[PDB]
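Just one chain follows, in the form deposited without the named molecule, and it is written as structure tokens.
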């Protein structure tokens, strides 16, 4: 039930389209509540069929259960047609593009901060025993210069980001997540460059079994690259826990900020 966070439509002013989620466009809006607050609104294209509506609204019921500095907050829902999900707005958009445009204006400490930040959230999700089953929707958003957040919308499987066991047996565990986090970390230090550029998806799995890994990013600290490669151990029982990563990242950030 949603009655404790049902929003009245007139309190929401739907603005410009800003991205796409799995179910429809995402809009910017102003929500008159405290203030008259900037929000992100998930919309739903074909919520005119019942089954799509159930799954769209499930995204909200799920988000509702978490409260963390680095996971996108649910503000509310409107459950009459047309159905909307009202989320906090991450002003500065997608991390990938953010890192690219800011390649020459973000220091190493910030890039590490982001990785650390995400690991605190992933550790929380692990402690809440959440299984995120929609891997294609996984994305990172920037709410400010010093704050990134997990989300399932933007501002077909990710073969290139996936653990080999996910690829061969469709096994998805806390460990496969760690593998993907490893890639996401690499991505961050590479200023939002995607993994395996030019390489075909099907030739990916072969290269991994051959011992090949994504190389050390320019200016990436050997301590942090070591963390990454541990995220990419083949035997998924060799990979570190997120709680292991949160801590290991915490002292790496301290080493840099001290310089």
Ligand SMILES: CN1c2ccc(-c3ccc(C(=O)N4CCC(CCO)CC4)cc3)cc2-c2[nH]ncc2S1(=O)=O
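Numbering follows the first chain given and starts at 1. We call the rigid core whatever largest set of C-alpha positions still superposes within 1.5 Å between the two forms.
We do not show the form deposited with the named molecule bound, though everything after this point is about it.
Engineer: Given the named molecule in the orientation seen in the deposited bound form, superposed onto this form through the C-alphas lining the site, is the binding site open or blocked (3 or more ligand atoms within 2.4 angstroms of backbone or C-beta atoms = blocked)?
Structural biologist: Blocked: when the named molecule is placed as it sits in the deposited bound form, 3 or more of its atoms come within 2.4 Å of backbone or C-beta atoms.
Engineer: Contact between residue 112 and the named molecule in the deposited bound form at 4.5 Å, heavy atoms?
Structural biologist: No, residue 112 sits far enough from the named molecule in the deposited bound form that none of its heavy atoms falls within 4.5 Å.
Engineer: Using heavy atoms and a 4.5 Å limit, would one call residue 167 a contact residue for the named molecule in the deposited bound form?
Structural biologist: No, residue 167 sits far enough from the named molecule in the deposited bound form that none of its heavy atoms falls within 4.5 Å.
Engineer: Although the partner isn't part of this model, could you tell me whether residue 249 comes within 4.5 Å of the named molecule in the deposited bound form, counting any heavy atom of the residue?
Structural biologist: No.
Engineer: Any of the heavy atoms of residue 157 lying within 4.5 Å of the named molecule in the deposited bound form?
Structural biologist: Residue 157: no contact with the named molecule in the deposited bound form.
Engineer: Based on heavy atom distances of at most 4.5 Å to the named molecule in the deposited bound form, which listed stretch, 198-206, 40-48, 212-220, 226-234, is the contact stretch?
Structural biologist: Among the listed stretches, the partner-contacting one is 40-48.
Engineer: Would 26, 90 and 141 all count as contacting the named molecule in the deposited bound form, using a 4.5 Å heavy atom cut-off?
Structural biologist: Every listed residue reaches the named molecule in the deposited bound form, so yes.
Engineer: Of the options 78, 106, 72, 162, which one has a non-hydrogen atom that comes within 4.5 Å of the named molecule in the deposited bound form?
Structural biologist: It is 72 that has a heavy atom within 4.5 Å of the partner.
Engineer: Which residues within 95-124 place at least one heavy atom within 4.5 Å of the named molecule in the deposited bound form?
Structural biologist: Heavy-atom contacts within 4.5 Å come from 98, 101.
Engineer: Go through 147, 108, 137, 101 and flag the only one whose CA is off by 2 Å or more between this form and the one not shown, rigid core held fixed.
Structural biologist: Between the two forms, the residue that moves is 137.
Engineer: Rigid core superposed, CA of residue 244 - does it shift 2 Å or more between this form and the one not shown?
Structural biologist: Shift at residue 244: below 2 Å after core fit.
Engineer: Check residue 63 against residue 137 at the C-alpha atoms and report closer or farther in the deposited bound form, compared with the shown form; the change is 3 Å or more.
Structural biologist: Residue 63 and residue 137 sit farther apart in the deposited bound form.
Engineer: Between the shown chain and the other structure, the Cα gap of residue 136 to residue 84 differs by 3 Å or more. Is it closer or farther in the deposited bound form?
Structural biologist: Note: Cα gap between residue 136 and residue 84 widens in the deposited bound form.
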